[PDB]
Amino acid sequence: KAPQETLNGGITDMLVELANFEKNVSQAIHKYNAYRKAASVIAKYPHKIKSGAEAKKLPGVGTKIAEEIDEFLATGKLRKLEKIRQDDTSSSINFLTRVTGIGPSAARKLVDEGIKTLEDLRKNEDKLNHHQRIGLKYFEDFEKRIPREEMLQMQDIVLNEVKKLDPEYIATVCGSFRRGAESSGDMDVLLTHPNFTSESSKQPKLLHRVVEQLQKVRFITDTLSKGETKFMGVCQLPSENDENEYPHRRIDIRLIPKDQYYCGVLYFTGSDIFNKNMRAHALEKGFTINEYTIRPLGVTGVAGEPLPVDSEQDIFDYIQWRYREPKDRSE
């Protein structure tokens, strides 16, 4: 058990790095696609590949990748990948990409202009948009881990402010934090209200009222993006008078229809492996579960009509599963 391999990680590591190079250093979408699928199919392969020709029999694996595998099998390396690794251009592109807001397109532009380091970026803030400038301002903070006792404190300020606005609101911090992790890198809040449903007249101000109120108490300090259903921004714990100021953190807040809430909470509580195991069991029972709904499945293996859900428990009830605590949703 077993579970995943583990058996050809060296090959698949090579191909994924090659894909990332071609996607976002070269502008070569087809090469990127081909490496990605070749990596994915090899990763499923239950035997330790001993030649390029053995890999070649797989669909997705052609002559060029088979030859790269020989070189990598024979030597312990691929010269082509050692050169990419040593390449200043590609390394600079990948570093700049760590800034939230900067992606391959803006990274290519910046490196072509000689912008490669944080210091370089901190001297050319006029080349960046608001998202990227906020990404840069807090670059160090946004790579920092977030202790659990911090997440909890963050939890009951957004939970409390939301209540004092209107007790009808339901807000939940999901992600690994919900499933019990000793640290996260981000806070992921799911928000809803009884008179926003998938059939209703929308009412955009549900999300804005809570965002505004969190800025008002100085929890939210910056905005990366903000629409009628989705907010992404920055928050901070209140510092103690003077002394140590807490690092700034990424927080997302998402408004979801009431009749779709618990499927979202379920889906964004994870974990990824749990989720896969759960939708797999659902299929065994004749149900399909996604982030929005759970639907029965018909004789022809296809049906719909969302089932009523006002609880995580309800989803479990339908697939005849004992309710699983988030605390034990690792697998």
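Numbers follow the displayed sequence, beginning with 1.
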Averaging the C-alpha temperature factors as deposited, the higher value of 151 to 159 versus 125 to 133 falls on 151 to 159
Comparing 239 to 247 with 253 to 261, the one whose average Cα B-factor in the PDB entry is higher: 239 to 247
Just the C-alpha B-factor column, please: which of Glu212, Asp222, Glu82, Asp188 has the biggest number? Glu212
Identity of residue with top Cα B-factor, from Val217, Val234, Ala74, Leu78: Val217
Determine, from the deposited record, the chain-internal third of the Cα B-factor for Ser311: lowest, middle or highest. middle
Going by what the PDB entry lists, where does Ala181 fall on CA B-factor within its chain: lowest, middle or highest third? highest
Among all modelled residues of this chain, ranked by Cα B factor, put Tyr318 in the bottom, middle or top third, i.e. lowest, middle or highest. middle
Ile29: CA temperature factor from the record, placed by chain third, in the middle
Considering only modelled residues of the same chain, in which third does the CA B-factor of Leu165 rank: lowest, middle or highest? highest
